[PDB]
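Data block below; observations after.
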Amino acid sequence: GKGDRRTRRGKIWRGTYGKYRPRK
Amino acid sequence: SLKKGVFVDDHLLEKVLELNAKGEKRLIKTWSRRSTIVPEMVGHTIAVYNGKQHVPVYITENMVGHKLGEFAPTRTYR
Amino acid sequence: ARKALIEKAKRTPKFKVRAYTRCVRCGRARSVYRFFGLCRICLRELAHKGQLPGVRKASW
Amino acid sequence: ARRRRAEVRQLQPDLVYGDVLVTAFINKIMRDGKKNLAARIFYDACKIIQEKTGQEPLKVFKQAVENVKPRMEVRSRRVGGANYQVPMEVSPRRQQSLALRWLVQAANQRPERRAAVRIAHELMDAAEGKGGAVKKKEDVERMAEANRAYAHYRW
Amino acid sequence: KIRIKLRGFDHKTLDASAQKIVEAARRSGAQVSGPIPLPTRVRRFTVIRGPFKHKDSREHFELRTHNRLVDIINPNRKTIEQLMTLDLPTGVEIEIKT
Amino acid sequence: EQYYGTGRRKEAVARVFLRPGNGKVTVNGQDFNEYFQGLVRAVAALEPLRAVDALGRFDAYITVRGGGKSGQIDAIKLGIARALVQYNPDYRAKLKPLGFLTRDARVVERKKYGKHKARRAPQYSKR
Amino acid sequence: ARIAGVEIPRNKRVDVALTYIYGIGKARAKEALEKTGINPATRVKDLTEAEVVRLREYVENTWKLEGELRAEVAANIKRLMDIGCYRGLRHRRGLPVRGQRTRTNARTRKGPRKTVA
RNA sequence: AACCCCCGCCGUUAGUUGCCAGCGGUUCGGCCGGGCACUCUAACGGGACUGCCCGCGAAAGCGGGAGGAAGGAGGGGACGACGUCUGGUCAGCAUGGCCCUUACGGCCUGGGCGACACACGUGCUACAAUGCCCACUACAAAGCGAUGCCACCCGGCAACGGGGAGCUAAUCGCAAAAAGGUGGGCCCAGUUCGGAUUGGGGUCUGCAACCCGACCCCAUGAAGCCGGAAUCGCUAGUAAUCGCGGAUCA
Ligand SMILES: [Mg+2]
Ligand SMILES: [Mg+2]
Ligand SMILES: [Mg+2]
Ligand SMILES: [Mg+2]
Ligand SMILES: [Mg+2]
Ligand SMILES: [Mg+2]
Ligand SMILES: [Mg+2]
Ligand SMILES: [Mg+2]
Ligand SMILES: [Mg+2]
Ligand SMILES: [Mg+2]
Ligand SMILES: [Mg+2]
Ligand SMILES: [Mg+2]
Ligand SMILES: [Mg+2]
Ligand SMILES: [Mg+2]
Ligand SMILES: [Mg+2]
Ligand SMILES: [Mg+2]
Ligand SMILES: [Mg+2]
Ligand SMILES: [Mg+2]
Ligand SMILES: [Mg+2]
Ligand SMILES: [Mg+2]
Ligand SMILES: [Mg+2]
Ligand SMILES: [Mg+2]
Ligand SMILES: [Mg+2]
Ligand SMILES: [Mg+2]
Ligand SMILES: [Mg+2]
Ligand SMILES: [Mg+2]
Ligand SMILES: [Mg+2]
Ligand SMILES: [Mg+2]
Ligand SMILES: [Mg+2]
Ligand SMILES: [Mg+2]
Ligand SMILES: [Mg+2]
Ligand SMILES: [Mg+2]
Ligand SMILES: [Mg+2]
Ligand SMILES: [Mg+2]
Ligand SMILES: [Mg+2]
Ligand SMILES: [Mg+2]
Ligand SMILES: [Mg+2]
Ligand SMILES: [Mg+2]
Ligand SMILES: [Mg+2]
Ligand SMILES: [Mg+2]
Ligand SMILES: [Mg+2]
Ligand SMILES: [Mg+2]
Ligand SMILES: [Mg+2]
Ligand SMILES: [Mg+2]
Ligand SMILES: [Mg+2]
Ligand SMILES: [Mg+2]
Ligand SMILES: [Mg+2]
Ligand SMILES: [Zn+2]
């Protein structure tokens, strides 16, 4: 959920991009 | 977690390095608890401060990467 | 600890992060806007005096 | 709600059958404003509706809703002292809201995994009579007729 | 070639002065595109109305910063010297590119 | 020849261009049945046509943008209504009674202070 | 099959299988598959016997785990325990090791509520 | 009440926003020629007043209908009387009286405000199939940024580091908006639900992350199968749900 520190929904809520999401 | 330069206040080594010469004592009051335990720091006695007094905490090769503050409790009920 | 404390925030004779915000009129520390350099309180007094140009009681 | 009778909120007719009742039933399925699923899910059931029975989903739905239309219910009252459960009439507007609610509520009560099949089976059983949603109707209707005694204070 | 930007708080004066330039520059020189009202920059500021424990009913106001635009296409010296002594602002922010 | 009508709803706005032809209609590229795939209310904006029978007699190049997806369909629902009523005065007689010509004032309410969602008050207590 | 030499994930997709292995997670689950050329979707039950050994040999050697892993994690704490550091003393009183809340919550390291008042 | 503001319909002023809508060209991106139509942009206006028809009525006014983008306060905001609570704050500031004055004032280093056998309030994340995961694809508003937001390429699993273009900003950036669409897998399991906890490795800020930051990766995966007595919010674009911004600030 918006709590899993290791996924899409997690990084969306947490305010970070991280590995489990696009970047540069 | 800091990596470029394993910080540790100079006045720590400035005071202990001269000890590394003639292999002198170890008695010395300190305050830089935020400093790391120097790799070459083994076998010494830096009395760390905790807001009340200096803890005569002895060092060993097991306690190295950690900060010198860890081995000086601040909360009085350990 | 109010005057020698607003003086402390002025000299900046030491490290970077140690300097911090402060109100111009009073000396507050929290709720101090950078734009005006003022605390939320006086800012509301002045804004009712019009001593803050362009500012007006917003509503929508 | 003390002033006016408050106008009943009219809803937009179905973009697939044109009846306002269908969409109303859709809304109960809906959740968190995700009205996208409810419509789809409802029609998903309709797909299974014909697969099982030769009947069209439009009539089977109207048959199901009718069989779960409670003619009478019980409402609590204060006789200036004690508190009975007076049996009495039931507004037309209500009979629908309930016949839809219980339908949806009881729909999720089924064991099936996929939601649509639960509403499809429910709608069949409701139109039939053996529906669980129908029980919540048959059951409530009793409560009323049991207390037929306290009907004097019908107000 | 030449361009002018007029940021300002009091849109009342910034509207009339945006007119003044269009009055002179046009009626004494090249073509000048009419005043273009740009999207306004706005800084609101909500703040606890009271001086203490009352985190609500807090008052808030704004600080608009209106923008208006005007362009003189041909730098005719007839308009250049007039638009250099005829003006008279009070709180407008005039700028000029090329 | 042509027709036109604007449609606003929820920051969303739409220009409706009509041109006699098949059932061809596409808003800002992409086939219409592609810019609203999976969405059930898709055929809503097209409803204004079924009133005038001209469902299979007109084409449409539409320009809609701003706001969210669903609100757009309603902007076209009115955009087209303004269209075929434009280059056809007496068509109004049976287009307002059916209800298609209205801006729909419904818009999102501003969040209030001391609240959570302009109306949802915080959890009350006493303990 | 008994892959971890002790653990025995079976009858379900292989990619999720090795997950149930202690010391193996979702990450190494996807890696081990590719690092031995194996279909992730296939079930553990119906699978090539040769592949069984292949997946086993890899993981059982690539990275330590299980009882020795547990004793490793426990050793890293045993040292803290004896070292006399603040980090260890939080394992001592059983309190959290992140300096986090203690006036409330922290139930996970404190166990159920002791109440009394 | 009304005079002010935002949001609804429309007109005038305005053409670096916008559109082959119109023709031409095109490296087929509104990039170029070009125009103010439209959209948008922020200024001034227009419009709605029970004015019109009907029934009641002394009137005020109410009920229904037509026309209208909008009918009796169209929706939202700003604004809160004489006063009451010996309400709140002398710690924002001001101030009468009172007290200290090598000190009840000043400087720093380290500590604490982060303490935990508990209790209450407010809240976040979930117990899942109207769901979770992975890939692809579409639609916002309002905002903030020149020792600041950083396109684009290179290294890295990643947070980040280096090179480096654009930008006193409707011209450049923060910027994928998520839910949703399509596809695919999971098949009712304390599970691909759930991420608390913790071991190890690591990036950034900043003199400095033991006390005491945040973020990334691997591994470890807890309680929790809808919650006792009790109790809260909301009447319409509202509740519910989904995501984005800013102030504060290294
Ligand atoms: Mg970079
Ligand atoms: Mg760590
Ligand atoms: Mg290290
Ligand atoms: Mg020196
Ligand atoms: Mg002083
Ligand atoms: Mg600071
Ligand atoms: Mg909302
Ligand atoms: Mg608590
Ligand atoms: Mg006109
Ligand atoms: Mg052409
Ligand atoms: Mg033409
Ligand atoms: Mg070409
Ligand atoms: Mg062009
Ligand atoms: Mg050309
Ligand atoms: Mg004007
Ligand atoms: Mg009126
Ligand atoms: Mg009248
Ligand atoms: Mg009258
Ligand atoms: Mg008459
Ligand atoms: Mg009279
Ligand atoms: Mg009369
Ligand atoms: Mg009369
Ligand atoms: Mg009336
Ligand atoms: Mg209002
Ligand atoms: Mg008033
Ligand atoms: Mg205690
Ligand atoms: Mg209590
Ligand atoms: Mg994806
Ligand atoms: Mg992609
Ligand atoms: Mg977009
Ligand atoms: Mg700004
Ligand atoms: Mg700066
Ligand atoms: Mg390069
Ligand atoms: Mg790196
Ligand atoms: Mg790469
Ligand atoms: Mg860099
Ligand atoms: Mg380079
Ligand atoms: Mg340069
Ligand atoms: Mg710019
Ligand atoms: Mg730019
Ligand atoms: Mg951008
Ligand atoms: Mg289970
Ligand atoms: Mg299973
Ligand atoms: Mg230092
Ligand atoms: Mg559970
Ligand atoms: Mg309570
Ligand atoms: Mg209400
Ligand atoms: Zn002040």
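Please note that chains go A, B, ... in the order of the structure tokens, that every chain numbers its residues from 1, and that ligands are numbered from 1 in the order shown.
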
Could the residues that lie within 12 Å of ligand 17, counting only C-alpha atoms (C1' of nucleotides) and all ligand atoms, be listed as a PDB file with N, CA, C and O atoms (P, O5', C5', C4', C3', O3' and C1' of nucleotides), in the first residue's frame?
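Written out: result-v8.pdb:
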ATOM      1  P     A H  48     -31.747  42.291 -15.863  1.00  0.00           P
ATOM      2  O5'   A H  48     -31.503  41.508 -14.499  1.00  0.00           O
ATOM      3  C5'   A H  48     -32.148  41.914 -13.297  1.00  0.00           C
ATOM      4  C4'   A H  48     -32.174  40.805 -12.274  1.00  0.00           C
ATOM      5  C3'   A H  48     -30.806  40.270 -11.855  1.00  0.00           C
ATOM      6  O3'   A H  48     -30.871  39.826 -10.499  1.00  0.00           O
ATOM      7  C1'   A H  48     -32.064  38.524 -12.804  1.00  0.00           C
ATOM      8  P     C H  49     -30.961  40.889  -9.297  1.00  0.00           P
ATOM      9  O5'   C H  49     -32.422  41.506  -9.471  1.00  0.00           O
ATOM     10  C5'   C H  49     -32.838  42.615  -8.684  1.00  0.00           C
ATOM     11  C4'   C H  49     -34.241  43.067  -9.026  1.00  0.00           C
ATOM     12  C3'   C H  49     -35.375  42.148  -8.604  1.00  0.00           C
ATOM     13  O3'   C H  49     -35.689  42.259  -7.227  1.00  0.00           O
ATOM     14  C1'   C H  49     -35.764  43.003 -10.794  1.00  0.00           C
ATOM     15  P     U H  50     -36.392  41.038  -6.454  1.00  0.00           P
ATOM     16  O5'   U H  50     -37.790  40.904  -7.202  1.00  0.00           O
ATOM     17  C5'   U H  50     -38.484  39.662  -7.245  1.00  0.00           C
ATOM     18  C4'   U H  50     -39.622  39.697  -8.235  1.00  0.00           C
ATOM     19  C3'   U H  50     -40.875  40.443  -7.767  1.00  0.00           C
ATOM     20  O3'   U H  50     -41.465  41.119  -8.877  1.00  0.00           O
ATOM     21  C1'   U H  50     -41.436  38.220  -8.327  1.00  0.00           C
ATOM     22  P     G H  51     -41.025  42.622  -9.235  1.00  0.00           P
ATOM     23  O5'   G H  51     -41.090  42.638 -10.829  1.00  0.00           O
ATOM     24  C5'   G H  51     -41.376  43.838 -11.536  1.00  0.00           C
ATOM     25  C4'   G H  51     -41.344  43.630 -13.031  1.00  0.00           C
ATOM     26  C3'   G H  51     -42.357  42.648 -13.599  1.00  0.00           C
ATOM     27  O3'   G H  51     -43.657  43.196 -13.728  1.00  0.00           O
ATOM     28  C1'   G H  51     -40.241  42.236 -14.558  1.00  0.00           C
ATOM     29  P     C H  52     -44.938  42.225 -13.804  1.00  0.00           P
ATOM     30  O5'   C H  52     -44.574  41.249 -15.008  1.00  0.00           O
ATOM     31  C5'   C H  52     -44.685  41.679 -16.356  1.00  0.00           C
ATOM     32  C4'   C H  52     -44.876  40.513 -17.293  1.00  0.00           C
ATOM     33  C3'   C H  52     -46.017  39.567 -16.952  1.00  0.00           C
ATOM     34  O3'   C H  52     -47.273  40.043 -17.407  1.00  0.00           O
ATOM     35  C1'   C H  52     -44.062  38.327 -17.503  1.00  0.00           C
ATOM     36  P     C H  53     -48.592  39.832 -16.516  1.00  0.00           P
ATOM     37  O5'   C H  53     -49.005  38.330 -16.845  1.00  0.00           O
ATOM     38  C5'   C H  53     -49.576  37.990 -18.099  1.00  0.00           C
ATOM     39  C4'   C H  53     -49.859  36.512 -18.195  1.00  0.00           C
ATOM     40  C3'   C H  53     -50.673  35.913 -17.056  1.00  0.00           C
ATOM     41  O3'   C H  53     -52.070  36.111 -17.215  1.00  0.00           O
ATOM     42  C1'   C H  53     -48.791  34.543 -17.504  1.00  0.00           C
ATOM     43  P     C H  54     -53.000  36.410 -15.938  1.00  0.00           P
ATOM     44  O5'   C H  54     -53.129  34.981 -15.251  1.00  0.00           O
ATOM     45  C5'   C H  54     -53.669  33.879 -15.961  1.00  0.00           C
ATOM     46  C4'   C H  54     -53.511  32.596 -15.186  1.00  0.00           C
ATOM     47  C3'   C H  54     -54.100  32.589 -13.785  1.00  0.00           C
ATOM     48  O3'   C H  54     -55.497  32.358 -13.769  1.00  0.00           O
ATOM     49  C1'   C H  54     -51.910  31.735 -13.704  1.00  0.00           C
ATOM     50  P     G H  61     -42.468  41.189  -1.009  1.00  0.00           P
ATOM     51  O5'   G H  61     -43.199  39.820  -0.654  1.00  0.00           O
ATOM     52  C5'   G H  61     -42.734  38.994   0.405  1.00  0.00           C
ATOM     53  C4'   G H  61     -43.615  37.785   0.589  1.00  0.00           C
ATOM     54  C3'   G H  61     -43.405  36.647  -0.401  1.00  0.00           C
ATOM     55  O3'   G H  61     -42.308  35.814  -0.062  1.00  0.00           O
ATOM     56  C1'   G H  61     -45.720  37.095  -0.186  1.00  0.00           C
ATOM     57  P     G H  71     -31.817  28.326 -12.366  1.00  0.00           P
ATOM     58  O5'   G H  71     -32.491  29.537 -11.582  1.00  0.00           O
ATOM     59  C5'   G H  71     -33.746  29.373 -10.929  1.00  0.00           C
ATOM     60  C4'   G H  71     -34.052  30.529 -10.011  1.00  0.00           C
ATOM     61  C3'   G H  71     -35.423  30.478  -9.338  1.00  0.00           C
ATOM     62  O3'   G H  71     -35.349  31.114  -8.059  1.00  0.00           O
ATOM     63  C1'   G H  71     -35.279  32.416 -10.663  1.00  0.00           C
ATOM     64  P     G H  72     -35.023  30.254  -6.739  1.00  0.00           P
ATOM     65  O5'   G H  72     -35.294  31.293  -5.563  1.00  0.00           O
ATOM     66  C5'   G H  72     -34.282  32.201  -5.136  1.00  0.00           C
ATOM     67  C4'   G H  72     -34.868  33.523  -4.707  1.00  0.00           C
ATOM     68  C3'   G H  72     -35.769  33.467  -3.474  1.00  0.00           C
ATOM     69  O3'   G H  72     -35.700  34.714  -2.779  1.00  0.00           O
ATOM     70  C1'   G H  72     -37.033  34.182  -5.334  1.00  0.00           C
TER      71        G H  72
END

For this session: Select residues of chain H: the criterion is any atom within 10 Å of an atom of chain E, counting only C-alpha atoms (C1' of nucleotides); output as a list in words.
Result: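 Close enough to count are residues 13, 14, 15, 17, 41, 42, 43, 88, 89, 92, 143, 144, 170, 246 and 247 of chain H.
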
For this session: Could the residues that lie within 10 Å of ligand 38, counting only C-alpha atoms (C1' of nucleotides) and all ligand atoms, be listed as a list in words?
Result: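 For ligand 38, the residues inside 10 Å are residues 164, 165 and 166 of chain H.
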
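Counting from atom CA of residue C:7, the distance to atom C1' of residue H:99 is 25.7 Å.
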
Problem set entry | Distance-based interface of chain D with chain F, 12 Å, counting only C-alpha atoms, as a PyMOL selection string | chain D and resi 12-16+18+23+34-43

Exercise. So which residues touch residue C:36 within 12 Å, counting only C-alpha atoms (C1' of nucleotides), skipping near sequence neighbours fewer than 4 positions away, as a PyMOL selection string?
Worked result: (chain C and resi 21-25+31-32+40+42-44+46-47+51-53+55) or (chain E and resi 45+63)

Exercise. Mind pulling up the distance from atom CA of residue B:60 to atom CA of residue B:14?
Worked result: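 Computed distance, atom CA of residue B:14 to atom CA of residue B:60, equals 20.2 Å.
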
Problem set entry | Option closest in space to ligand 26, from H:18, H:91, H:116, H:203 [counting only C-alpha atoms (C1' of nucleotides) and all ligand atoms] |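 Once distances to ligand 26 are computed over only C-alpha atoms (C1' of nucleotides) and all ligand atoms, the minimum belongs to H:116.
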
Exercise. When the cut-off is 12 Å and you count only C-alpha atoms (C1' of nucleotides) and all ligand atoms, which residues lie near ligand 12, shown as a PyMOL selection string?
Worked result: chain H and resi 24-28

Same residues, N, CA, C and O atoms (P, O5', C5', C4', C3', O3' and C1' of nucleotides), output as a PDB file, in the first residue's frame:
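Saved file out_11.pdb follows:
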ATOM      1  P     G H  24      -3.246  24.642 -49.819  1.00  0.00           P
ATOM      2  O5'   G H  24      -1.846  25.394 -49.708  1.00  0.00           O
ATOM      3  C5'   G H  24      -1.322  26.126 -50.806  1.00  0.00           C
ATOM      4  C4'   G H  24       0.012  26.748 -50.473  1.00  0.00           C
ATOM      5  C3'   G H  24       1.086  25.797 -49.967  1.00  0.00           C
ATOM      6  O3'   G H  24       1.736  25.086 -51.006  1.00  0.00           O
ATOM      7  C1'   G H  24       1.001  27.690 -48.566  1.00  0.00           C
ATOM      8  P     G H  25       2.215  23.571 -50.768  1.00  0.00           P
ATOM      9  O5'   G H  25       3.508  23.745 -49.855  1.00  0.00           O
ATOM     10  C5'   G H  25       4.680  24.367 -50.361  1.00  0.00           C
ATOM     11  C4'   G H  25       5.630  24.742 -49.252  1.00  0.00           C
ATOM     12  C3'   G H  25       6.200  23.587 -48.440  1.00  0.00           C
ATOM     13  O3'   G H  25       7.300  22.950 -49.070  1.00  0.00           O
ATOM     14  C1'   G H  25       5.398  25.243 -46.969  1.00  0.00           C
ATOM     15  P     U H  26       7.551  21.373 -48.869  1.00  0.00           P
ATOM     16  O5'   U H  26       7.744  21.240 -47.294  1.00  0.00           O
ATOM     17  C5'   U H  26       8.914  21.735 -46.656  1.00  0.00           C
ATOM     18  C4'   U H  26       8.874  21.499 -45.166  1.00  0.00           C
ATOM     19  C3'   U H  26       8.786  20.046 -44.722  1.00  0.00           C
ATOM     20  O3'   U H  26      10.044  19.391 -44.726  1.00  0.00           O
ATOM     21  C1'   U H  26       7.196  21.332 -43.534  1.00  0.00           C
ATOM     22  P     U H  27      10.128  17.790 -44.599  1.00  0.00           P
ATOM     23  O5'   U H  27      10.571  17.579 -43.083  1.00  0.00           O
ATOM     24  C5'   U H  27      11.150  16.355 -42.652  1.00  0.00           C
ATOM     25  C4'   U H  27      12.077  16.567 -41.480  1.00  0.00           C
ATOM     26  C3'   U H  27      11.461  17.229 -40.253  1.00  0.00           C
ATOM     27  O3'   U H  27      10.771  16.314 -39.419  1.00  0.00           O
ATOM     28  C1'   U H  27      13.513  18.287 -40.781  1.00  0.00           C
ATOM     29  P     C H  28       9.195  16.062 -39.615  1.00  0.00           P
ATOM     30  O5'   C H  28       8.558  16.810 -38.362  1.00  0.00           O
ATOM     31  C5'   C H  28       7.359  16.337 -37.764  1.00  0.00           C
ATOM     32  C4'   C H  28       6.141  16.924 -38.431  1.00  0.00           C
ATOM     33  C3'   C H  28       4.894  16.051 -38.428  1.00  0.00           C
ATOM     34  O3'   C H  28       4.159  16.142 -37.219  1.00  0.00           O
ATOM     35  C1'   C H  28       5.264  16.906 -40.607  1.00  0.00           C
TER      36        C H  28
END

Problem set entry | ligand 23 neighbours within 8 Å using only C-alpha atoms (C1' of nucleotides) and all ligand atoms, as a count of residues only | 4

Exercise. What residues in chain F lie within 6 Å of chain H, counting only C-alpha atoms (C1' of nucleotides), written as a ChimeraX atom specification?
Worked result: /F:67-69,102-103,105-108,120-121,123-124

Exercise. Hey, what does DSSP flag as alpha helix (DSSP H) within chain A? Can you give it to me as a PyMOL selection string?
Worked result: chain A and resi 8-14

Keeping N, CA and C atoms for every residue in the selection just given, could you write it to a file as a short mmCIF file (atom, residue, chain, number, x, y, z; two decimals), in the first residue's frame?
data_model
loop_
_atom_site.label_atom_id
_atom_site.label_comp_id
_atom_site.auth_asym_id
_atom_site.auth_seq_id
_atom_site.Cartn_x
_atom_site.Cartn_y
_atom_site.Cartn_z
N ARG A 8 5.80 1.03 -6.34
CA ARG A 8 5.28 2.19 -7.06
C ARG A 8 4.43 3.08 -6.15
N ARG A 9 3.33 2.54 -5.65
CA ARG A 9 2.42 3.29 -4.79
C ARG A 9 3.16 3.88 -3.60
N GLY A 10 4.16 3.16 -3.12
CA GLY A 10 4.95 3.60 -1.98
C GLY A 10 5.74 4.86 -2.27
N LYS A 11 6.45 4.86 -3.40
CA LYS A 11 7.26 6.00 -3.80
C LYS A 11 6.39 7.18 -4.24
N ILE A 12 5.20 6.88 -4.75
CA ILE A 12 4.26 7.93 -5.13
C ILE A 12 3.83 8.72 -3.90
N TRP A 13 3.51 7.99 -2.83
CA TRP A 13 3.07 8.59 -1.58
C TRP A 13 4.24 9.19 -0.79
N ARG A 14 5.36 8.47 -0.78
CA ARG A 14 6.51 8.85 0.03
C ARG A 14 7.21 10.10 -0.51
#
